[PDB]
Amino acid sequence: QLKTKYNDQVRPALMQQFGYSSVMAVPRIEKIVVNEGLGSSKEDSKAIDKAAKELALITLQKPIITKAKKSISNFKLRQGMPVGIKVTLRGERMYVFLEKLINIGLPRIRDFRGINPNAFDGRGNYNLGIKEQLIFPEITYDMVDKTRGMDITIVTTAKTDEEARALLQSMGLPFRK
Amino acid sequence: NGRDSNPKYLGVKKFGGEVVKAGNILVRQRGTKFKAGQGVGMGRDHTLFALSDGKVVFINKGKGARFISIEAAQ
Amino acid sequence: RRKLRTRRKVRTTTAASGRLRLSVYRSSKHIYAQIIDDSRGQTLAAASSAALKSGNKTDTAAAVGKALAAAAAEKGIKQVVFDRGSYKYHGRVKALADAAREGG
Amino acid sequence: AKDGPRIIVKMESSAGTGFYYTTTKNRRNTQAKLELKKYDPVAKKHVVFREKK
Amino acid sequence: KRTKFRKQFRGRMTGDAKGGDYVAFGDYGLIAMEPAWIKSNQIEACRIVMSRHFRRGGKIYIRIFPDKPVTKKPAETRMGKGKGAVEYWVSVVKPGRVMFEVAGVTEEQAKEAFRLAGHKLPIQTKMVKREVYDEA
RNA sequence: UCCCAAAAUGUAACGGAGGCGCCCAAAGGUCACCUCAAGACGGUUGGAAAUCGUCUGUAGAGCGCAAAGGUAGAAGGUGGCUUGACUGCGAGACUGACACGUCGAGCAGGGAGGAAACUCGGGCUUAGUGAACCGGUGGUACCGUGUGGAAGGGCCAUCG
RNA sequence: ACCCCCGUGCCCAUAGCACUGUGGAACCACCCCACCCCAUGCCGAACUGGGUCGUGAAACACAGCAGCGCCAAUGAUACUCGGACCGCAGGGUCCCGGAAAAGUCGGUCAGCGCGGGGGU
Ligand SMILES: [Mg+2]
Ligand SMILES: [Mg+2]
């Protein structure tokens, strides 16, 4: 399951387009961090289990409810209260979710056209602006609580953006041409 | 306001060159300005003291970390 | 990242101890088990698993620790104070300790 | 060292057989019930020691 | 003129000039020759007056902002502590401190503006010229 | 707690500012592990800050409160185990006119954490408190006016 | 003896960052696997167990480079111990010594140890 095409359709295609002197210097995929927007405007102790469970069924891993940064501004901010969520996928579980996103996630989306081609993180990384959750093969509105959005971040080991974009698309990433 | 005030104290008590004894208090301070060197212990209130007999020795490595050691005679 | 190794260096008192200290470098597959003086920056017995290993780079964790204690008998060491780096005292590093604590 | 109805209190020390006080400033603010410990009184030591009056 | 926010009170002490320079931010300058205290109001005195003599330009620099609060006597008595928090601000000035400096105008046009803005001051002053090149 | 205070210490005013009369079964002991503020770039209920990621970053943060000193090898942040916030002591020093106050190695009877060296007799320290008399409670048995008890009185601790 | 690598000190920026080059199986790192001893309040990233290939890219080591940091004269000056004076005063001067800061010249990106290992 995967990994085989992760190399053949990537590594060898890079020295035949660029010029790597090493199979180690070849841009790789480090981790895929998923962030969850919770609380703040929607301070609900019930909404917490809403994401806590779903996130644990879509990525197959218990997430961590990252609290506040202990900052109290003028609006609704408190000292140390669950408001964020962290779901870091790396290694085996990474490609497991990743593959599902390239085969079922992105393809199966209403009004889907692709993703912004402009170079995002200028450090060799990339970021995704996922929104609606009613576009996943694990999310079933017929057996949940409500409807919310999730953020996915692609962390790689690329040096430049030129070597990053290549890696993403070859691995499986659609763009609006 | 005129009201409020405090006698305070602090400072150094055994200066360098001096011959200490087992229990003599060396320097009093609030923080960790003078770190306990060789032969020198440190109290709750960062109050430096001597373990045995010897001579007071100051060491400075360009500020920041102060040290006080005790070189025995014998 | 470099904090684990220093937290055991500042911790292990040097002078007031009066003792010696045994270091250990097992982040790889090349333990030194080097022994170092408390004041003088020298080395006495100095073990290592560099001279052959008989195809073993992990199992000799206890072989070198037995070799050490025995190598220390030729100098005159009774007390040793260990000073691991980023090592939570688990297995590969535990074998040294145990082997050089009963073989001495 | 004021002493009123306010939260926290000064506590007497008892013991299993032992008859000794430790004098400790507790507080009914948080977990306020398990004021038990282990303070050996002049004795063999190792006696069940709850300051709980 | 006045500070936007400070501690409030101060003290009093006059040493020699430190951060005063012969020429910058223009061609001609005006320097004091006696230590004293230059009130905020006195600065308005000088600035406004030099603006009457200079219709256009706005090349009048004043880098002696007063940073020194002074107390005052409210009525009488002496049975009290800090009296008169808000009185006036004074900027200390030592011989060789440049208070004023102008440019664009000629020689005559400058001998008048400093002159005039010299009679208001509690101390003597002299007007100088360029030929200084310390730091930059 | 700073300044005045004039480079030991000390030093006054109805001189200039800001706090305390507490808190914590953990913010303790110890044992392990993590490293900050902020800015820029790019990202979804955001659109200022914040949640995430990657770089810069002697830390411009944090340390329960006021302030200074000090801390990156932590006195920053977490977890496991515990009740050393122990008892009987203390060479020798700081400080005060006295009385108080402050620091403390080591020794003993017993325990705590760690493999261990080792550390621990409250909390980064400096405020969070007050003599004696009188009385309350527990403990222990010294006195107890003829004797043996008892009332009471003393002592240890501790409360008002 | 030559040199290099690794580990560990003294020293704790005149020994630091950046830029660039060199190093490939002796050493180092990445990397590979990791159901279990052990562990990340989520992730075997980091700890950790068992070990090939590959590569030196990154990290690290070394070397050049000193644009930036750091260190920093000489001279003079500020100030001041001592002595002696002036103004109504805020202040200021002379004699005799000590003597800054900053800036400038300039300096240098170390040096000095121990042990072990592999090469000539
Ligand atoms: Mg003084
Ligand atoms: Mg009376």
# chains A, B, ... in the order shown; residues from 1 in each chain; ligands from 1

$ residues_near_ligand --ligand "ligand 2" --cutoff "9 Å" --atoms "only C-alpha atoms (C1' of nucleotides) and all ligand atoms" --output "PDB file with N, CA and C atoms (P, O5', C5', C4', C3', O3' and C1' of nucleotides), in the first residue's frame"
ATOM      1  P     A F 132       7.191  35.477  75.246  1.00  0.00           P
ATOM      2  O5'   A F 132       6.906  36.082  76.699  1.00  0.00           O
ATOM      3  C5'   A F 132       7.963  36.388  77.579  1.00  0.00           C
ATOM      4  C4'   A F 132       7.516  37.237  78.749  1.00  0.00           C
ATOM      5  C3'   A F 132       6.317  36.748  79.561  1.00  0.00           C
ATOM      6  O3'   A F 132       6.649  35.747  80.496  1.00  0.00           O
ATOM      7  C1'   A F 132       6.050  39.026  79.089  1.00  0.00           C
ATOM      8  P     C F 133       5.611  34.567  80.874  1.00  0.00           P
ATOM      9  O5'   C F 133       4.471  35.328  81.647  1.00  0.00           O
ATOM     10  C5'   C F 133       4.738  35.932  82.899  1.00  0.00           C
ATOM     11  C4'   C F 133       3.618  36.838  83.307  1.00  0.00           C
ATOM     12  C3'   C F 133       2.262  36.170  83.479  1.00  0.00           C
ATOM     13  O3'   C F 133       2.098  35.587  84.752  1.00  0.00           O
ATOM     14  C1'   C F 133       2.028  38.085  82.139  1.00  0.00           C
ATOM     15  P     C F 134       1.578  34.074  84.859  1.00  0.00           P
ATOM     16  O5'   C F 134       0.116  34.171  84.280  1.00  0.00           O
ATOM     17  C5'   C F 134      -0.877  34.839  84.996  1.00  0.00           C
ATOM     18  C4'   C F 134      -2.151  34.860  84.233  1.00  0.00           C
ATOM     19  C3'   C F 134      -2.688  33.514  83.833  1.00  0.00           C
ATOM     20  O3'   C F 134      -3.345  32.841  84.892  1.00  0.00           O
ATOM     21  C1'   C F 134      -2.808  35.007  82.012  1.00  0.00           C
TER      22        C F 134
END

$ closest_atom_pairs --of "chain A" --to "chain F" --cutoff "7 Å" --atoms "only C-alpha atoms (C1' of nucleotides)" --output "CSV"
residue,atom,partner,partner_atom,distance
A:35,CA,F:52,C1',5.8
A:37,CA,F:51,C1',6.8
A:84,CA,F:51,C1',5.1
A:120,CA,F:42,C1',4.8
A:121,CA,F:42,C1',4.8
A:122,CA,F:41,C1',6.6
A:123,CA,F:54,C1',6.4
A:127,CA,F:43,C1',5.5
A:128,CA,F:43,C1',6.2
A:129,CA,F:44,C1',5.4
A:130,CA,F:44,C1',5.7
A:131,CA,F:44,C1',5.2
A:149,CA,F:44,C1',6.5
A:150,CA,F:44,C1',6.2
A:151,CA,F:44,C1',5.3
A:153,CA,F:53,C1',6.6
A:155,CA,F:53,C1',6.8

$ write_last_selection --atoms "C-alpha atoms" --output "PDB file, in the first residue's frame"
ATOM      1  CA  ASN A  35      -5.265  21.897  13.266  1.00  0.00           C
ATOM      2  CA  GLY A  37     -10.693  25.441  15.250  1.00  0.00           C
ATOM      3  CA  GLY A  84      -7.218  24.436  19.693  1.00  0.00           C
ATOM      4  CA  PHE A 120       3.198  29.074  -0.018  1.00  0.00           C
ATOM      5  CA  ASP A 121       5.796  28.486   2.657  1.00  0.00           C
ATOM      6  CA  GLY A 122       8.955  29.854   1.083  1.00  0.00           C
ATOM      7  CA  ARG A 123      11.100  27.509   3.166  1.00  0.00           C
ATOM      8  CA  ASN A 127      -0.003  24.535   3.471  1.00  0.00           C
ATOM      9  CA  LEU A 128      -3.566  23.504   2.711  1.00  0.00           C
ATOM     10  CA  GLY A 129      -6.685  25.624   3.174  1.00  0.00           C
ATOM     11  CA  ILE A 130      -9.207  22.881   3.760  1.00  0.00           C
ATOM     12  CA  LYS A 131     -12.637  23.962   4.951  1.00  0.00           C
ATOM     13  CA  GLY A 149     -13.942  22.808   9.278  1.00  0.00           C
ATOM     14  CA  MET A 150     -10.399  21.486   9.582  1.00  0.00           C
ATOM     15  CA  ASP A 151      -6.907  22.722   8.580  1.00  0.00           C
ATOM     16  CA  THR A 153      -0.471  21.484   6.995  1.00  0.00           C
ATOM     17  CA  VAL A 155       5.515  19.631   6.365  1.00  0.00           C
TER      18      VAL A 155
END

$ closest_atom_pairs --of "chain F" --to "ligand 1" --cutoff "8 Å" --atoms "only C-alpha atoms (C1' of nucleotides) and all ligand atoms" --output "JSON lines"
{"residue": "F:5", "atom": "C1'", "partner": "ligand 1", "partner_atom_place_in_ligand_line": "1 (Mg)", "distance": 6.2}
{"residue": "F:6", "atom": "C1'", "partner": "ligand 1", "partner_atom_place_in_ligand_line": "1 (Mg)", "distance": 7.5}
{"residue": "F:7", "atom": "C1'", "partner": "ligand 1", "partner_atom_place_in_ligand_line": "1 (Mg)", "distance": 6.1}
{"residue": "F:8", "atom": "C1'", "partner": "ligand 1", "partner_atom_place_in_ligand_line": "1 (Mg)", "distance": 6.9}
{"residue": "F:9", "atom": "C1'", "partner": "ligand 1", "partner_atom_place_in_ligand_line": "1 (Mg)", "distance": 7.7}

$ residues_around --residues "residue 32 of chain D" --least-positions-apart "4" --cutoff "12 Å" --atoms "only C-alpha atoms (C1' of nucleotides)" --output "list in words"
residues 7, 8, 9, 26, 27, 28, 36 and 52 of chain D; 25 of chain F

$ write_last_selection --atoms "C-alpha atoms (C1' of nucleotides)" --output "PDB file, in the first residue's frame"
ATOM      1  CA  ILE D   7     -10.150  29.613  54.468  1.00  0.00           C
ATOM      2  CA  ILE D   8      -7.131  27.488  55.674  1.00  0.00           C
ATOM      3  CA  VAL D   9      -6.416  26.567  59.288  1.00  0.00           C
ATOM      4  CA  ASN D  26      -3.520  23.553  55.817  1.00  0.00           C
ATOM      5  CA  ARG D  27      -6.274  24.975  53.609  1.00  0.00           C
ATOM      6  CA  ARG D  28      -9.911  24.045  52.994  1.00  0.00           C
ATOM      7  CA  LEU D  36      -2.972  12.306  56.609  1.00  0.00           C
ATOM      8  CA  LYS D  52      -6.557  15.580  60.876  1.00  0.00           C
TER       9      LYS D  52
ATOM     10  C1'   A F  25      -1.338  19.211  49.201  1.00  0.00           C
TER      11        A F  25
END

$ interface_residues --of "chain G" --to "chain A" --cutoff "6 Å" --atoms "only C-alpha atoms (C1' of nucleotides)" --output "PDB file with N, CA and C atoms (P, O5', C5', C4', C3', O3' and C1' of nucleotides), in the first residue's frame"
ATOM      1  P     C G  42      -2.580  11.008  25.166  1.00  0.00           P
ATOM      2  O5'   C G  42      -1.814  10.872  23.773  1.00  0.00           O
ATOM      3  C5'   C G  42      -1.328  12.009  23.077  1.00  0.00           C
ATOM      4  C4'   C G  42      -1.295  11.772  21.583  1.00  0.00           C
ATOM      5  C3'   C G  42      -0.109  10.981  21.047  1.00  0.00           C
ATOM      6  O3'   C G  42      -0.275   9.574  21.185  1.00  0.00           O
ATOM      7  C1'   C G  42      -0.481  12.900  19.691  1.00  0.00           C
ATOM      8  P     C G  43       0.973   8.565  20.965  1.00  0.00           P
ATOM      9  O5'   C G  43       1.132   8.513  19.385  1.00  0.00           O
ATOM     10  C5'   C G  43       2.379   8.211  18.801  1.00  0.00           C
ATOM     11  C4'   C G  43       2.555   8.912  17.481  1.00  0.00           C
ATOM     12  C3'   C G  43       3.956   8.890  16.901  1.00  0.00           C
ATOM     13  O3'   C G  43       4.284   7.661  16.280  1.00  0.00           O
ATOM     14  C1'   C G  43       3.096  11.068  16.750  1.00  0.00           C
ATOM     15  P     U G  55      26.372   6.197  -3.157  1.00  0.00           P
ATOM     16  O5'   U G  55      26.183   7.560  -2.365  1.00  0.00           O
ATOM     17  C5'   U G  55      25.076   8.404  -2.648  1.00  0.00           C
ATOM     18  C4'   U G  55      24.816   9.357  -1.530  1.00  0.00           C
ATOM     19  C3'   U G  55      25.995  10.205  -1.109  1.00  0.00           C
ATOM     20  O3'   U G  55      26.195  11.308  -1.968  1.00  0.00           O
ATOM     21  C1'   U G  55      24.908   9.332   0.805  1.00  0.00           C
ATOM     22  P     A G  57      28.732  16.709  -0.716  1.00  0.00           P
ATOM     23  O5'   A G  57      27.178  17.058  -0.659  1.00  0.00           O
ATOM     24  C5'   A G  57      26.646  17.764   0.434  1.00  0.00           C
ATOM     25  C4'   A G  57      25.163  17.962   0.292  1.00  0.00           C
ATOM     26  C3'   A G  57      24.476  18.593   1.495  1.00  0.00           C
ATOM     27  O3'   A G  57      24.568  19.995   1.505  1.00  0.00           O
ATOM     28  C1'   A G  57      23.287  16.668   0.849  1.00  0.00           C
TER      29        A G  57
END

$ interface_residues --of "chain C" --to "chain B" --cutoff "10 Å" --atoms "only C-alpha atoms" --output "PyMOL selection string"
chain C and resi 14-16

$ closest_residue --among "B:55, B:30, B:61, B:66" --to "chain F" --atoms "only C-alpha atoms (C1' of nucleotides)"
B:30

$ residues_around --residues "segment 109-114 of chain F" --least-positions-apart "6" --cutoff "6 Å" --atoms "only C-alpha atoms (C1' of nucleotides)" --output "PDB file with N, CA and C atoms (P, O5', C5', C4', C3', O3' and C1' of nucleotides), in the first residue's frame"
ATOM      1  N   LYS D  45       9.344   5.078  64.883  1.00  0.00           N
ATOM      2  CA  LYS D  45       9.154   5.815  63.608  1.00  0.00           C
ATOM      3  C   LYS D  45       8.172   5.019  62.757  1.00  0.00           C
TER       4      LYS D  45
ATOM      5  P     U F  30      15.597  18.639  46.658  1.00  0.00           P
ATOM      6  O5'   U F  30      15.586  17.246  45.887  1.00  0.00           O
ATOM      7  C5'   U F  30      16.020  16.033  46.508  1.00  0.00           C
ATOM      8  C4'   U F  30      15.423  14.810  45.836  1.00  0.00           C
ATOM      9  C3'   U F  30      15.737  14.626  44.358  1.00  0.00           C
ATOM     10  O3'   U F  30      17.031  14.081  44.130  1.00  0.00           O
ATOM     11  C1'   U F  30      13.429  14.262  44.732  1.00  0.00           C
ATOM     12  P     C F  31      17.832  14.420  42.775  1.00  0.00           P
ATOM     13  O5'   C F  31      17.098  13.494  41.686  1.00  0.00           O
ATOM     14  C5'   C F  31      16.953  12.100  41.905  1.00  0.00           C
ATOM     15  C4'   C F  31      15.912  11.469  41.011  1.00  0.00           C
ATOM     16  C3'   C F  31      15.990  11.792  39.529  1.00  0.00           C
ATOM     17  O3'   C F  31      16.988  11.054  38.856  1.00  0.00           O
ATOM     18  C1'   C F  31      13.762  11.976  40.253  1.00  0.00           C
ATOM     19  P     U F  82       4.341   6.007  46.676  1.00  0.00           P
ATOM     20  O5'   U F  82       5.447   6.642  47.589  1.00  0.00           O
ATOM     21  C5'   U F  82       5.094   7.266  48.806  1.00  0.00           C
ATOM     22  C4'   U F  82       6.089   8.328  49.165  1.00  0.00           C
ATOM     23  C3'   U F  82       5.703   9.257  50.301  1.00  0.00           C
ATOM     24  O3'   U F  82       5.996   8.703  51.575  1.00  0.00           O
ATOM     25  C1'   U F  82       6.512  10.506  48.458  1.00  0.00           C
TER      26        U F  82
END

$ closest_atom_pairs --of "chain F" --to "chain B" --cutoff "9 Å" --atoms "only C-alpha atoms (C1' of nucleotides)" --output "CSV"
residue,atom,partner,partner_atom,distance
F:1,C1',B:6,CA,8.6
F:8,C1',B:11,CA,8.0
F:9,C1',B:9,CA,7.6
F:10,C1',B:9,CA,8.8
F:13,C1',B:2,CA,8.4
F:14,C1',B:2,CA,7.4
F:15,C1',B:2,CA,6.8
F:16,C1',B:1,CA,7.4
F:17,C1',B:1,CA,7.3
F:69,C1',B:31,CA,5.4
F:70,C1',B:31,CA,4.3
F:71,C1',B:32,CA,7.8
F:75,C1',B:31,CA,8.9
F:91,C1',B:22,CA,7.1
F:92,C1',B:23,CA,3.9
F:93,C1',B:24,CA,3.9
F:94,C1',B:25,CA,6.2
F:95,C1',B:9,CA,8.6
F:102,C1',B:45,CA,8.9
F:103,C1',B:43,CA,5.8
F:104,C1',B:23,CA,6.6
F:105,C1',B:51,CA,5.3
F:124,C1',B:31,CA,6.6
F:125,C1',B:30,CA,4.8
F:126,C1',B:30,CA,6.2

$ closest_atom_pairs --of "chain G" --to "chain B" --cutoff "12 Å" --atoms "only C-alpha atoms (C1' of nucleotides)" --output "Markdown table"
| residue | atom | partner | partner_atom | distance |
| --- | --- | --- | --- | --- |
| G:11 | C1' | B:61 | CA | 10.1 |
| G:12 | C1' | B:61 | CA | 7.6 |
| G:13 | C1' | B:62 | CA | 11.7 |

$ select_by_dssp --residues "chain D" --states "strand (DSSP E or B)" --output "PyMOL selection string"
chain D and resi 10-11+24-25+36-37+49-50

$ write_last_selection --atoms "N, CA and C atoms" --output "PDB file, in the first residue's frame"
ATOM      1  N   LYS D  10      -4.880  26.203  61.122  1.00  0.00           N
ATOM      2  CA  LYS D  10      -3.743  25.611  61.810  1.00  0.00           C
ATOM      3  C   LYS D  10      -4.146  24.234  62.329  1.00  0.00           C
ATOM      4  N   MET D  11      -3.315  23.220  62.101  1.00  0.00           N
ATOM      5  CA  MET D  11      -3.718  21.857  62.449  1.00  0.00           C
ATOM      6  C   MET D  11      -2.944  21.064  63.511  1.00  0.00           C
ATOM      7  N   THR D  24       0.802  22.335  61.251  1.00  0.00           N
ATOM      8  CA  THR D  24       0.904  22.629  59.831  1.00  0.00           C
ATOM      9  C   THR D  24      -0.234  23.518  59.360  1.00  0.00           C
ATOM     10  N   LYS D  25       0.088  24.453  58.475  1.00  0.00           N
ATOM     11  CA  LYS D  25      -0.919  25.356  57.928  1.00  0.00           C
ATOM     12  C   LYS D  25      -1.593  24.746  56.704  1.00  0.00           C
ATOM     13  N   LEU D  36      -3.739  13.417  56.056  1.00  0.00           N
ATOM     14  CA  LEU D  36      -2.972  12.306  56.609  1.00  0.00           C
ATOM     15  C   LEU D  36      -1.586  12.245  55.977  1.00  0.00           C
ATOM     16  N   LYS D  37      -0.607  11.787  56.750  1.00  0.00           N
ATOM     17  CA  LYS D  37       0.776  11.721  56.287  1.00  0.00           C
ATOM     18  C   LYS D  37       1.555  10.616  56.992  1.00  0.00           C
ATOM     19  N   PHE D  49       0.403   8.762  60.475  1.00  0.00           N
ATOM     20  CA  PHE D  49       0.377  10.094  61.060  1.00  0.00           C
ATOM     21  C   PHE D  49      -0.542  11.064  60.327  1.00  0.00           C
ATOM     22  N   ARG D  50      -1.749  11.242  60.852  1.00  0.00           N
ATOM     23  CA  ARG D  50      -2.699  12.186  60.274  1.00  0.00           C
ATOM     24  C   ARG D  50      -2.911  13.393  61.185  1.00  0.00           C
TER      25      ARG D  50
END

$ closest_residue --among "E:24, E:70, E:13, E:127" --to "residue 89 of chain E" --atoms "only C-alpha atoms"
E:70

$ interface_residues --of "chain F" --to "chain D" --cutoff "12 Å" --atoms "only C-alpha atoms (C1' of nucleotides)" --output "number ranges by chain"
F: 21-26, 82-88, 109-112, 122, 128-130, 137-140, 156-160

$ residues_around --residues "residue 38 of chain A" --least-positions-apart "3" --cutoff "8 Å" --atoms "only C-alpha atoms (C1' of nucleotides)" --output "count of residues only"
7

$ residues_around --residues "residue 101 of chain A" --least-positions-apart "6" --cutoff "10 Å" --atoms "only C-alpha atoms (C1' of nucleotides)" --output "list in words"
residues 95, 107, 108, 136, 137, 172 and 173 of chain A

$ residues_around --residues "residue 1 of chain C" --least-positions-apart "2" --cutoff "9 Å" --atoms "only C-alpha atoms (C1' of nucleotides)" --output "VMD selection string"
(chain C and resid 3 to 5 86) or (chain G and resid 46)

$ closest_atom_pairs --of "chain C" --to "chain G" --cutoff "6 Å" --atoms "only C-alpha atoms (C1' of nucleotides)" --output "CSV"
residue,atom,partner,partner_atom,distance
C:41,CA,G:9,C1',5.1
C:42,CA,G:114,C1',4.4
C:43,CA,G:115,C1',5.3
